[PDB]
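Next comes just one chain, in structure tokens: the form deposited in one PDB entry.
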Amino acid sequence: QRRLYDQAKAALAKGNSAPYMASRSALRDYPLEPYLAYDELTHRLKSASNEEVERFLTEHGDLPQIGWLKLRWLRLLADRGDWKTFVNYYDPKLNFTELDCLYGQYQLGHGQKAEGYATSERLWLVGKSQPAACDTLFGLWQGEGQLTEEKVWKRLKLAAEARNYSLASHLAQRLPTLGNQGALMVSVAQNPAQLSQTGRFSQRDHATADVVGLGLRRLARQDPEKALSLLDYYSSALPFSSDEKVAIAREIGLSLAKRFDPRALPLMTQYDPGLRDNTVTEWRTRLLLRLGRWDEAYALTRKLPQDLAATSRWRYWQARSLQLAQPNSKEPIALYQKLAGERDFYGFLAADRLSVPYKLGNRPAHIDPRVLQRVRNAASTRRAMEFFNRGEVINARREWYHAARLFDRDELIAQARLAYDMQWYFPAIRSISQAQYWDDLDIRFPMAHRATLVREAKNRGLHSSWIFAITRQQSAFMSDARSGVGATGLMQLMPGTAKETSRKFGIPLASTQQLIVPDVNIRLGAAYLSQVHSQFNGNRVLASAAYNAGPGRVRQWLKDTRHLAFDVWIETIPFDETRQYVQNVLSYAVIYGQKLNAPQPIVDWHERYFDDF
């Protein structure tokens, strides 16, 4: 009929299961019933039989939350010493370190000594604190003389790299001979500038080298110039392995290169001449492009390994570096023509360099309805469908992601289309993306919140395509999206920025929790957008970057320039996030330009060259 399941759900959270038992067989057919079964079993888990739990795991092993039952149940199996059953259900792919440490204890108590050692070492060499279950394991492992001073030293080094200094220190008080260098590693990790006192760190042993090597790699982040100076000294003074040296040169080189210091080039060249490190290789090339050294850039683009060379990034820059080095050569038009077909930032630049139309080619997928029917009738779908109609966004979203976890390519696309048809845009975007079917531009770039975006764009003299592109990159139309560091909503406003932006523009805000309202979020998003637009003279390349990284960052990336090309500037952005972000926004603006029937070239005329001059 139509289900008052909330009676039973209210009974179970908290206390009593009597309504669920009464109701149960009316809900034989209802899809969310097994969430009730789940809690009913979970509250009495400590006294449920094996055969009952095992049976629940077979019948409902498709539930998003089934892993938590396995964790709670396997704790009991270990306490009770019922290892036969523990091992039948312990799954490493749950990623529960409590369980992995429990499985280590099994290994050691049941003959598998080599494997238990290896398990213990694998969980010991971690720079953060581990569960209590692992203390028991590390106790046992130690009691078979495997916990050597070398390994407590190695974990100490990981902990200092993780900046977990209370852990790092506990470990330093456990070094029977190296306790000096342990204390010295923690000092240096906290302030690596102390390495200027070279007399204090010249004790010629491997432990001292470990402290100096860490110190130099950390110092390289904020003072790469000082660290470059000190490298020369310390490499003579101390027994660095060849790999320990290249690891230091890597950080010093990368940090110098991101400040556009040409002293990075000889260092990078000497410590990675094989072009083994992709990141060193890309920034070596980027630094050359910044300095106008086109020939060297070009030579370098020709040496790249297969996996870099195959990218659109370095196909482009091979072509453009040649065009810059040899303006009169025609080898670059061949290279651009092969690339101009790709629907991607670099492919658009290639098409822009040839003055030829961009290639979009919207081509939605041939789907078998026998596949569509199967995915529409899957238990996980039926449940997710029902959570959507109930208002529970997060539960429906949880069900959706988790079913997709094991769907093949055909099924994922079927899933994608089902979500599009509901106007449920972010999950369609998400599913089609993990399907890697990129040609369906209707699903990938839908016109969601069009009224509200097109309105607040005209409001502030901004192009519709550009606001469409920002919110697509920032949220992908998840109205309640939240980032790792607390940026909130469709245009990922930062609580601190939202506060400023509210105050300035006379747009009222109740709270950070109100950033989830589309109409609120877009007003003060599009406000802050026009501000940074105006701060950089209508330059969407600069203005975009500012939106993601702060105008003071963008100002720093503009000193001291003179007639810098826009593509070289974008390519040489120090932050990987902000570089990718800018590239995506500019690309998405092209595409939403076509879909809004207000064409947008990859860059405007006035954006092509800029400087702080």
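C-alpha atoms forming the largest set that superposes within 1.5 Å between two forms make up the rigid core. Residue positions are given as counts along the sequence shown, with the first one as 1.
Enquirer: On mean C-alpha B-factor from the PDB entry, just flag whether 83-91 or 494-502 is the higher one.
Expert: On average, C-alpha B-factors are higher across 494-502.
Enquirer: 169-177 versus 251-259: which one carries the higher mean Cα B factor per the record?
Expert: Of 169-177 and 251-259, the stretch with the higher C-alpha B-factor average is 169-177.
Enquirer: Of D480, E161, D100, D277, which one's C-alpha B factor is largest in the deposited record?
Expert: Among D480, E161, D100, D277, the PDB entry lists the largest C-alpha B-factor for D480.
Enquirer: Out of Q194, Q513, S321, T281, whose C-alpha atom has the biggest B factor in the entry?
Expert: Highest C-alpha B-factor among the listed residues goes to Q513.
Enquirer: Is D612 in the lowest, middle or highest third of its chain when residues are ranked by C-alpha B-factor?
Expert: Tercile = middle for this residue's CA B-factor.
Enquirer: Per the entry's values, where does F575 land by CA temperature factor relative to the rest of its chain, in the lowest, middle or highest third?
Expert: As the PDB entry reports it, the C-alpha B-factor of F575 lands in the lowest third of its chain.
Enquirer: Going by what the PDB entry lists, where does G486 fall on CA B-factor within its chain: lowest, middle or highest third?
Expert: Its C-alpha B-factor belongs to the highest third of this chain's values.
Enquirer: Lowest, middle or highest third: where is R555 by C-alpha B factor in its chain?
Expert: Answer is middle: the recorded C-alpha B-factor places it there.
Enquirer: Determine, from the deposited record, the chain-internal third of the Cα B-factor for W438: lowest, middle or highest.
Expert: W438: CA B-factor falls in the middle third of its chain.
Beyond the structure shown, there is the form deposited in another entry, which is absent from this document and is the topic of what follows.
Enquirer: Once the rigid core is superposed, exactly one of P266, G81, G506, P176 has its CA displaced by 2 Å or more between this form and the one not shown; which residue is that?
Expert: The only residue crossing the 2 Å threshold is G506.
Enquirer: Using the rigid core as the reference frame, would you say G143 shifts its C-alpha by 2 Å or more between this form and the one not shown?
Expert: Where the cores coincide, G143 shows only a C-alpha shift between this form and the one not shown that is less than 2 Å.
Enquirer: Once everything's superposed on the core, is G199 shifted 2 Å or more at the Cα between this form and the one not shown?
Expert: No.
Enquirer: Using a superposition on the rigid core, decide whether the Cα position of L515 changes by 2 angstroms or more between this form and the one not shown.
Expert: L515 C-alpha, core-superposed: shift of 2 Å or more.
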